[PDB]
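So this one's two forms of a single chain, laid out as structure tokens and tagged structure 1 and structure 2.
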Structure 1
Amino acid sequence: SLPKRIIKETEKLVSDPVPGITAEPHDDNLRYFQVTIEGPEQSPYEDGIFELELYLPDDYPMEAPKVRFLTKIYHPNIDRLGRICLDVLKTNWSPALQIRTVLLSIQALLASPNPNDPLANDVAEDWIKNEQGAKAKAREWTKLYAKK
């Protein structure tokens, strides 16, 4: 039987959604969600909508949700496979946290890329030394890969 906690979190996600984010169980399985996050206003991502897949593993909430961008995105803290570099998704996760907590952090990360992070990918240098060019590329990629 499906854990009560998952039913309760899902209901809250669909009944009172966070601004800019949509989360809906993919088909009848409540462990698989399709999530969209609007590109933050005043960011290179402002003209698009980004799609992410989120999975609740069998040991959730003791294990963190698994999340990945489906949409290709040019950002220093999101790799080429759409994996997100945040501690809350790794070592700092705990049952005290909720799915909503993670989506809020991801949305904030889009608005505040951190190229100085020691784990940033190779676009980090471009973002730091040629920011106008880096932001322009991020806007072009939004046009090319994100939903309008």
Structure 2
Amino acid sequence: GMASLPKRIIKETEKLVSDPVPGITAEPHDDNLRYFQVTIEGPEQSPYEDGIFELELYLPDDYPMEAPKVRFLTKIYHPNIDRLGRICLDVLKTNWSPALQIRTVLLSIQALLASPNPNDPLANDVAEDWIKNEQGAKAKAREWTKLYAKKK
């Protein structure tokens, strides 16, 4: 129903440590509870499985009426993630409701790294590569993971 949006964040942050999401870290700044630092391990058996990907997450003034803003900080070869780190996710825009959480957003990105949809692309060059040259697209994804996504 409602609560103050620091109280909301507080509750969500407490549960993110009380029980974390497998493969994901997510901690806010004690200076600004709106800004989060996230890291996501690349899912198993995906072209990203070897690396760690860093994200920035901002909770806007009217959260959870408005959805969280997200930006990839790590460079990645992915149909739905563009040159500036912007993401295409249904839950962020069309399927957002106040009932959903940060936890929901992070699981959706994790699900997206494991299963791209180049049929609704953001990075158009790499989507047509994903459609027409799939094995080579995954080759370039595995390569960029090694070049840019540190290790682990």
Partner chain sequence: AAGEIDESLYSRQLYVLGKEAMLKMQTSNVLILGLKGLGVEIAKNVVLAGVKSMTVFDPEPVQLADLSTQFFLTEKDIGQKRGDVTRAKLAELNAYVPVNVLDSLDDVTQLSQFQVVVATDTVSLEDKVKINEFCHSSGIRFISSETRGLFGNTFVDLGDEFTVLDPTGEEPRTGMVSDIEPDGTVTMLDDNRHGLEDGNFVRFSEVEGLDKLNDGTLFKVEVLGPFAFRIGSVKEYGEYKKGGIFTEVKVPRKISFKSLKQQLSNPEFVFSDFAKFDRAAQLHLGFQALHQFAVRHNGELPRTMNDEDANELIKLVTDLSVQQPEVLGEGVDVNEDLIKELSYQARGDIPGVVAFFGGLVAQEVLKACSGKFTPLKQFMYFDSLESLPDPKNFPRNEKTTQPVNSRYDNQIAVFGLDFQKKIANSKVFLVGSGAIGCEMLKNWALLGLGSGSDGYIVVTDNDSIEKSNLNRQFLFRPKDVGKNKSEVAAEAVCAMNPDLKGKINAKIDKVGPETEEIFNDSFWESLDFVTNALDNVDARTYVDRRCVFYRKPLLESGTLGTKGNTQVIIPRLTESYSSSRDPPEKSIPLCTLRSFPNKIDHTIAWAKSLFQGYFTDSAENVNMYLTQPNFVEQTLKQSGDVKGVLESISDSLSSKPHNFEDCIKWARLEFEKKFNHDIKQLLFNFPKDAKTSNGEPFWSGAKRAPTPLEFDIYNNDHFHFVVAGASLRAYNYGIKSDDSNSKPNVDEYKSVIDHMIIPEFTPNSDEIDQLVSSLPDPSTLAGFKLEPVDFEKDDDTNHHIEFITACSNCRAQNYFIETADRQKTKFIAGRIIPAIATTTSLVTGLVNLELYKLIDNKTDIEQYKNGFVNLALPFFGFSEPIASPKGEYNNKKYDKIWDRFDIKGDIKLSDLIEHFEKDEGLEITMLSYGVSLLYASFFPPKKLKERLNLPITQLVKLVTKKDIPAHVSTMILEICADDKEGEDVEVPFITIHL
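Residue indices: 1-based, along structure 1. Take the two forms, find the largest set of C-alpha atoms that superpose within 1.5 Å, and that set is the rigid core.
Can you spot the form deposited with its partner chain bound among structures 1 and 2? Only structure 2 matches the form deposited with its partner chain bound.
Shifted position (C-alpha, 2 Å or more, core held fixed) between structure 1 and structure 2, chosen from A111, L70, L119, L97: C-alpha shift of at least 2 Å: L119.
Core aligned, does the CA of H26 move at least 2 Å between structure 1 and structure 2? Yes, the C-alpha position differs by at least 2 Å between structure 1 and structure 2.
Report, to one decimal in Å, how far the Cα of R83 moves between structure 1 and structure 2 once the rigid core is superposed. Between its two positions, the C-alpha of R83 lies 0.7 Å apart after core fitting.
After superposing on the core, C-alpha shift for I128 between structure 1 and structure 2 in angstrom: Comparing between structure 1 and structure 2 after core fitting, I128 shifts 1.5 Å at its C-alpha.
Once the core is aligned, what is the C-alpha displacement of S15 between structure 1 and structure 2? Give it in Å to one decimal. Shift of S15 at C-alpha, rigid core superposed: 2.3 Å.
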